[PDB]
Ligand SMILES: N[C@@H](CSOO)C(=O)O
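Given next, in structure tokens, is a single chain: the form solved without this ligand.
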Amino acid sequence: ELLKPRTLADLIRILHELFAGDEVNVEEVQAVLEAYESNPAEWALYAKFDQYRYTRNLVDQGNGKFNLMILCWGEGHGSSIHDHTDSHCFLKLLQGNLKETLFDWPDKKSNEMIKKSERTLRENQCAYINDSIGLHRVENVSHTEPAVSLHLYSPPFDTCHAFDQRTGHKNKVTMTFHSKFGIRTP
């Protein structure tokens, strides 16, 4: 039974219920994430920005079933084109706007990667990606407003690939956290 999460903590409780089994109902997870209304006071603890690039801040480990994290994007900060290591990946905007660009998986031949499409994700909107859909890049193109997003990955993964837009070549990347449970990482 899906009910509206009244707070971030309630959202987390609901997600634990949704991921108690060995499969995932993607539509239900997306619906509950969209239903949570961002309340900056509830996630201020996690919203730790860096001057130079976006930060990943771990919020919950899902009893091993998922990682829930908050990403903080300075003005002009963006990501690489990346995959999601055969996991489900949900993204919900908590503050500001992000541009999401979708790319096709590259062919064996070296070539410019062309965009399938792009969209602007606005506050409280929740998107979903997985490797079968394609690759994406996420960017805060704003010059005046930092952005903050909530990401859920299941199963958890700590490695993925980044793709060079000019060739499609991929490189393995290990993700890092800037903080965990509100505590900065050494």
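Residue indices: 1-based, along the sequence shown.
Higher average CA B factor: 164-172, of the stretches 14-22 and 164-172. The PDB entry reports B-factors from which the mean C-alpha value can be compared for 73-81 and 102-110; the larger average falls on 102-110. In this entry, the residue among 119, 65, 137, 143 with the greatest C-alpha B factor is 119. As recorded in the entry, 159 carries the highest CA temperature factor of 30, 159, 55, 61. Sort the chain's modelled residues by C-alpha temperature factor and residue 133 lands in the highest third, per the entry. Annotation for residue 6: CA B-factor lies in the highest third of the chain's modelled residues.
For residue 50, the recorded CA temperature factor ranks within the lowest third of the chain's modelled residues.
When the CA B factors of the chain's modelled residues are split into thirds, the value for residue 115 lands in the highest one. In the deposited entry, the Cα temperature factor of residue 38 places it in the lowest third of its chain's modelled residues.
Below, we refer to the form deposited with this ligand bound, which is not included among the displayed structures.
Open site. This ligand, superposed from its pose in the bound PDB entry, has no atom within 2.4 Å of any backbone or C-beta atom of the chain shown.
Within 4.5 Å of some heavy atom of this ligand in the bound PDB entry lies at least one heavy atom of residue 89. Within this chain, residue 48 is remote from the site of this ligand in the bound PDB entry, having no heavy atom within 4.5 Å. Contact check for residue 147: no non-hydrogen atom falls within 4.5 Å of this ligand in the bound PDB entry. Although the partner is absent here, residue 153 is a contact residue: one of its heavy atoms lies within 4.5 angstroms of this ligand in the bound PDB entry. Contact here is defined as any heavy atom lying within 4.5 Å of this ligand in the bound PDB entry, and by that definition not a single one of 4, 94 and 126 is a contact residue.
Contact annotation: this ligand lies within 4.5 Å of heavy atoms from the stretch 131-139 in the bound PDB entry, the single such stretch among 58-66, 22-30, 131-139, 38-46.
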